[PDB]
Each structure stands twice: as structure tokens, then as C-alpha cells.
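The next block holds one structure in the form of C-alpha cells; read it before the comments.
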């Protein structure tokens, strides 16, 4: 029931500075070490640094030059700052809580709690809102009892897009495919759901798209 | 400066069989007691990392008995006695000994399940998109295995290349199936020019290529 929530800069232009902050709900920061771990295909899984409740920090040598770990026990939130962001700094970033036990040496019992993840994109492109188009059921979409419909998130920058069906009520058969990056530099994504064909017409299917970088939340109706 | 190299980069195991991901470090992770500073993490499809093994052999909380770490010194082996559908994802080994805190390459676990066939659906473009000046036709391949598939687009029986982008979901943690979405995009005028737009699907589970088509244009 421990929750680690991450927020901060999702889109940076090169040489600007990254801000990411993790708010811990459930436990005090006291008694643990707190680490920022990033994942990218270029860097793989990479340890950035850990922090104490006192304020003591341990950094990776490569990132030591431009990384500043902070903590505020009263507000129960720690932060990582990465300066002079380069194309190698574009990655998914996580905050983790170490579990440690002292038997004459601080032994580490693993990072029990991780965060949701915050994609950080390094690019000069401006934020563009997505276009939502309905993929509708038809004789071609239907296949016996199973019928297929969809929601198309056509053109958006940067990456974070969240799609839910029927305001979260419909998770049965909901497939949200990985986005594709077009030649135009913008992304494209499709989310689909397979329902019984009898449900068409009588039931009301809606797809909720939420692109927070552009502050664009649209609810689109899929009509057969 | 401690490098972690994992032996099997990708592994497909049948449900009920055993998997053995191996890890190796340049320098020994041993301490005075005999404990090793190695931890195993599992990143399921779409989720954040979870902790499996710590201190070489100790299971985390909520980690089933199947997962079992072992090994000492530089070589280490994570063993899963009975792989199940939920075990899908990429696995990592991490050293905590010498302050580089370096992970491993990664290792995808895939469930060797029954050969299945794609349920092919095709979606014509939206009325709103045509008004926007572009036209996108979607083809859907649902719940198939293996991952390998071919989705060719044919407009008026003319194969079209360079106008489509495809995306494949990861293995379903329940039925171990995949799904594919291909989107043919082109101009509004170019969509008025041709008549029939078909999506030809090739898969192992199918006897012959399956084609689906809509004819308005």
C-alpha cells in the first residue's frame, strides 16, 4: 500500500535541465535509501544515484557532474536534477525505495517499491495535441460472435498517451498497441477492444484519450 | 566498472518446463559472511521493475516458490522450476557490491504455447479523417502465436510499400498471445483515386494467406 508518485519534465530541449520528483505516500522516508533508476535502449537499465534521509548521496561517476539529488523528509518527496540533457538522457525514469538491514554492515534487501515511470524526451519539437478518430465495427470488423472496434490516436508529441474505454469500466479485450513514430516526427497509436457482436448498437462504447503534455482529453464515440 | 553479462538473451519455454537465466560479473560479489551482492528484477510487459531475488538466494515477499536464485562468486543462475503465463517479461541481474550499481543485459522470457491463428479485422478510414485531408486504413491481427507474421497492403491488387507502420503488443500474461496493428496512411485525394483496399495476412497457423477488404474509395 506504499505508493511512489513521479512527476516533472516530460519534454526537454537539448542542454536544458531535467526535474523529476517522487512523492511517497504510506511510509516516512526515514529508514530507507531512495534511488532513481532510468531505462533506455541506449543505456539499458542504469543506476543514477541514491539518497539518504540525512541528505547523504551516492552518484554514478558519469552522471555525478550534472546530477543533484535532493530530499525533504517533511514533505516526503525527493527529487533528481539532470543538467545539460543530451540525446542519451532521453529515457524512462523510475524512483525506487531501497530496503536495508544492518548487521555490522548496511546490507541491501532489494528495491521493494518502484514508481509508475515518467518518460523524458529530449527534443526541440513543439508539443502537438493528438487527433482521435473512431475505428468502427462493420461486417469487416465483426468475426462471428467477436466484434472489433477501435480508437486511433493519430498525431501527437511527446509520447505519453493514456487510453481507457467506457471511463475505465471496459478492460475486457482492451488492447492498446505500442505507438509508432511517423516520418513527420509525431506519434501514432491505436487502441482496440473485442466485444460480443450482440453488444453493438445496444451498448455505448467510448474511448477516452488523455495527452497530458498537450492538456488534451477527448472522449470519442464508436458507432457501428 | 563492474559489468554484468546474462547468458540467455531470449528464452521461450513451454508452460510447465524449467528456465535457467544465468548471470556473470567481472569481479566477485562475495562478502565476508558468504553472501553475494546480487539481486534479480523482473520487468513485466508494461509495468515497472519488481524484486525477485536479493542477496543471491533470498526470495522477495510475494515471490512464488518457483523463482529461486543460486550461485556464488562470479557466476549466478536464476531458476524458475515451472514457468507460467504470468512470468512473461524481461529479467535483470544487479550488483550492489562496488558502487557502480550496474544491471545486466536483460533476458526476455516467452511462453512456448499452442500455435494459434490471427483473427483479422479491417477498419476503413473515419469520416472525420477524410475531412482532415488524410485517410488511414487499419488492419488488426488479434491473439495469435508465434509473434512472426506478415501483413502486406494491396490497393487495387497493387502491393503498396512505404505507406504503412505496424505495432505488435507483447505476450499476454494470461493466454500468451500477440496482437498486431498496421495502419496504411495516404492522402484524401489518393484515397479517392483507388477502389479496393485489402490487408493480406500471412501466419504459420493459417493454411494460406487470409485477405480482408473494403471496397469504397
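Chains as they are written, first to last, in the entry's author numbering: chain A, 1 to 224; chain B, 1 to 217. Backbone N, C-alpha and C define an ideal beta-carbon position, used for all residues, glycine too.
Per DSSP, residue 15(A) lies in no alpha helix (DSSP H) and is assigned neither H nor E. Residues of the segment 50–62 of chain B with a C-beta less than 9 Å from any C-beta of chain A: 50, 51, 52, 53, 54, 55, 58, 60 and 61, listed in chain order.
Between the alpha carbons of residue 142(B) and residue 193(A) lies a distance of about 10 Å. Within its own chain, the residues whose Cβ lies closer than 6 Å to the Cβ of residue 211(B), once the five positions on either side in sequence are excluded, are 198 and 200, listed in chain order. Counting only runs of 3+ residues, the beta strand (DSSP E) found wholly inside the segment 95–182 of chain B occupies 107–111, 119–123, 134–144, 150–155, 158–160 and 164–168, in chain order. At a cut-off of 8 Å between beta carbons, residue 138(B) contacts chain A. Burial check for residue 106(A): the Cβ neighbour count within 10 Å stays below 16, so the residue is exposed. Per DSSP, reduced to three states, the secondary structure at residue 89(A) is coil, with no helix or strand assignment. Under DSSP, residue 51(A) forms a beta bridge with 34(A) and 57(A).
Non-local beta-carbon contacts of residue 169(A) in its own chain, meaning distances under 8 Å to residues more than five positions away in sequence, are absent. A residue is called buried once 16 or more other Cβ atoms fall within 10 Å of its Cβ, and residue 148(B), having fewer, is exposed. Taking 8 Å as the cut-off, the Cβ atoms of residue 6(B) and residue 106(B) count as close. The beta carbon of residue 99(B) sits closer than 8 Å to some beta carbon of chain A. Taking 8 Å as the CB threshold, residue 116(A) lines the interface with chain B. Between the alpha carbons of residue 195(A) and residue 162(A) lies a distance of about 20 Å. Nearest to residue 157(B) by C-alpha distance, out of 205(B), 16(B), 215(B) and 72(B), is 215(B).
In the three-state reduction of the DSSP assignment, residue 43(B) falls in the strand class. Under the rule that a run must span 3 or more residues, the beta strand (DSSP E) segments found entirely inside the segment 140–171 of chain A read 146–156 and 162–165. Assigned with DSSP and collapsed to three states, residue 105(A) falls in coil, not helix or strand.
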